[PDB]
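Colleague: I am attaching a structure below and will ask some questions about it afterwards.
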Ligand code: SF4
Ligand code: SF4
Ligand code: FES
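Residue numbers (PDB author numbering), protein chains in the order written: chain A, 29 to 258; chain P, 6 to 57.
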């Protein structure tokens with residue numbers, strides 16, 4: 029009742045009528061690459077990394093924002109999907125500078141755990157690499173806005189849960205930027221909690237800045253006691 | 006000389022295959038700067054992933 033069997037790689041599963049292709053393929057234990065998407069946020073689509081070749085169609089669709097019709101064959105690995113996940117993640121790895129000796133998210137960036145598995149082998153660009161300038165906002169958010177692959181993820185968070193309407197999009201085409209037009213500081217509750225959301229190492233912590241790389245720590249779970257909600 | 010042929014009566018006679026390469030006709034040095042060819046499908050427009 030209230031379901032459609034969709035053959036995800038030729039294998040049945042019953043979802044709600046009106047869910048997403050991403051949640052369907054994640055239900056059967058698979059990962060499609062995720063840049064312009066978050067579960068705890070709204071949904072946009074302007075990275076165009078999830079691209080699956082749907083069966084009985086010459087075109088390619090993106091799994092972020094579309095419903096699922098009567099049961100398709102969501103052909104995950106094809107000889108054309110790998111001509112797309114290689115495709116998009118060759119452009120955005122060009123207009124970007126050669127950091128990571130010094131990029132402080134250097135052990136967990138999503139241009140670094142996608143780029144071994146998916147994507148191409150070498151480069152053919154071979155000169156270019158625009159370089160914008162940075163600024164300061166508060167004494168907590170160490171700020172390199174050069175890297176900033178414009179996935180529109182920090183931007184919606186101002187309209188999301190933290191209701192401070194502060195950020196925007198300034199520019200057109202190749203040249204757009206993310207930061208505040210005026211030099212207004214941005215600080216309230218949750219204001220230091222953006223540096224987890226930024227999926228590359230363009231945003232990071234100010235006191236933590238230059239200490240140690242994230243493959244030497246020992247992750248032990250615990251609880252903080254500085255408030256009554258735990 | 007007379008100490009020479011006593012080495013040539015004993016255990017045959019070699020006179021050329023010395024146990025040292027310390028003399029001449031050991032390769033001393035090499036001049037040119039090297040450059041390496043980059044061959045195996047390193048190029049573009051056909052060399053392309055999902056084929057390899
Ligand atoms: S901070 Fe950088 S990575 Fe994060 S949403 Fe803005 S442009 Fe994209
Ligand atoms: S954030 Fe990504 S692209 Fe930038 S230096 Fe780190 S791994 Fe490289
Ligand atoms: S993954 Fe966000 S649009 Fe393709």
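In this text, a Cβ means the ideal position worked out from N, Cα and C, and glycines have one as well.
Would you mind telling me which residues of chain P sit closer than 8 Å to residue 141(A), beta carbon to beta carbon, in chain order?
Modeller: By one-based count along the first chain, residue 141(A) stands at place 113. Against chain P, a Cβ distance below 8 Å from residue 141(A) picks out nothing, because the smallest value is about 17 Å.
Colleague: Could you compute how far the alpha carbon of residue 182(A) sits from the alpha carbon of residue 117(A)?
Modeller: Position 154 of the first chain, counted from the start, is the residue given in the question as residue 182(A). Position 89 of the first chain, counted from the start, is the residue given in the question as residue 117(A). Each residue's alpha carbon lies about 21 Å from the other.
Colleague: Pick from 45(A), 225(A), 92(A): whose alpha carbon is nearest that of residue 61(A)?
Modeller: In the first chain, counting from the first residue as 1, residue 61(A) sits at position 33. Checking every option, the nearest Cα to that of residue 61(A) belongs to 92(A).
Colleague: When you compare the CB positions of residue 10(A) and residue 165(A), do they come within less than 7 Å of one another, or not?
Modeller: The shown model of chain A, from 29 to 258, leaves out residue 10(A), and the question about it has no answer.
Colleague: Buried or exposed: where does residue 11(P) fall if 16 or more other Cβ atoms within 10 Å of its Cβ makes it buried?
Modeller: Position 6 of the second chain, counting from 1, holds the residue named residue 11(P). With fewer than 16 Cβ atoms within 10 Å of its Cβ, residue 11(P) is classed as exposed.
Colleague: With DSSP as the reference, label residue 55(A) as helix, strand or coil.
Modeller: Taking the first chain and counting its residues from 1, one reaches residue 55(A) at position 27. Looking at residue 55(A) - three-state DSSP - the assignment turns out to be helix.
Colleague: Residue 94(A): which of 156(A), 180(A), 52(A), 229(A) sits nearest, CA to CA?
Modeller: For this step, residue 94(A) is matched to residue 66 along the first chain. Taking only the C-alpha atoms, the option nearest residue 94(A) is 52(A).
Colleague: Could you pull out every unbroken beta strand (DSSP E) segment of at least 3 residues lying fully inside the segment 105 to 188 of chain A, listed in chain order?
Modeller: 169 to 171
Colleague: Could you name the residues that DSSP lists as bridge partners for residue 203(A)?
Modeller: In the first chain, the residue the question calls residue 203(A) occupies position 175. Residue pairing from DSSP places residue 203(A) in a beta bridge opposite 200(A).
Colleague: Who are the neighbours of residue 262(A) on chain P, taking C-beta pairs under 8 Å?
Modeller: Here chain A comprises residues numbered 29 to 258, so residue 262(A) is not present and cannot be evaluated.
Colleague: Within 7 Å (strictly less), CB to CB, does residue 41(P) reach chain A?
Modeller: The residue you call residue 41(P) lines up with position 36 of the second chain. Under the Cβ distance rule, residue 41(P) does not count among the residues neighbouring chain A, no pair being separated by less than 7 Å.
Colleague: Indicate whether residue 131(A) and residue 229(A) have their beta-carbon atoms separated by less than 7 Å.
Modeller: If you number the first chain from 1, residue 131(A) lands on position 103. If you number the first chain from 1, residue 229(A) lands on position 201. Yes; because the gap between Cβ atoms is below 7 Å, this pair is in contact.
Colleague: So which residues of chain P does residue 81(A) contact, with C-beta pairs closer than 7 Å?
Modeller: The residue given as residue 81(A) occupies position 53 in the first chain. Within 7 Å Cβ-Cβ: nothing; residue 81(A) doesn't reach chain P, min ~13 Å.
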